[PDB]
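The form deposited in one PDB entry is given below as one chain in structure tokens.
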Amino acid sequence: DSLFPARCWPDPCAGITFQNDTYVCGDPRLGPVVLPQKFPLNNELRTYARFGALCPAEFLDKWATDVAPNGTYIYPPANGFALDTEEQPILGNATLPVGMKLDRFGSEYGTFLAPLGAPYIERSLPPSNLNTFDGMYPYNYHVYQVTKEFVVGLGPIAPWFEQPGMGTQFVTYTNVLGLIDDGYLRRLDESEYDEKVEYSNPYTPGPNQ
């Protein structure tokens, strides 16, 4: 393991402007120095090489507008859905059933979720989505459960940010907070997603029903 690929030593942070010691190389775009060590977060991050095989400045050079602190991450086209052979996004409008569990790295003003437990690398997220903004939600990780059916854009996640992607994303037409407001999602606390059976599916009916 370790924070950087072995090639990056002895100066892995060369080219990075230090800003704040909470983050890798002092740069919030490179995510937090400290990573989760409890289930399920550690399970979702077990396959996560933060910069792939790149070093920090190469990673920022590739995926952001500038290695300097003013550089912003560039996001994939077509809302990050994987593209078919004709460059069109693969997705469909789909009804999320009551009982389905969803999770998300990001504030509740966002519109992108994944099925509960998807690996971080399946989400094609940059390292900064693991930064903590509310101490009640370390690593900006939120878990929800569908309390009333609603329709979302549903489809595969394109590779991005030096990761393979290919999770499924749910792109909502109301942001998360709005969906909670209107009774479509409820928040789950950690006791509701800390055992294996709580990842299983009781709501989908069988073929013989």
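Residues carry their position along the shown sequence, with the first being 1. C-alpha atoms forming the largest set that superposes within 1.5 Å between two forms make up the rigid core.
Below, we refer to the form deposited in another entry, which is not included among the displayed structures.
Looking at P36, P69, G26, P159, which has a Cα shift of 2 angstroms or more between the shown form and the other one when the rigid core is held fixed?
Per the superposition, the moving residue is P36.
Is there a C-alpha shift of 2 Å or more at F51 between the shown form and the other one once the rigid core is superposed?
No.
Please check if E122 moves between the shown form and the other one, taking a CA shift of 2 Å or more relative to the superposed core as movement.
Comparing forms between the shown form and the other one, the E122 CA shifts below 2 Å.
Quick check on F170: with the core superposed, does its CA move 2 angstroms or more between the shown form and the other one?
The answer is no, as the C-alpha of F170 shifts between the shown form and the other one by less than 2 Å after core alignment.
Given that the shift is 3 Å or more, do the Cα atoms of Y23 and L45 end up closer or farther apart in the other form than in this form?
Between the C-alphas of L45 and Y23, the gap widens in the other form (3 Å or more compared with this form).
Do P138 and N129 have their C-alpha atoms closer or farther apart in the other form than here, with the shift being 3 angstroms or more?
Result: closer.
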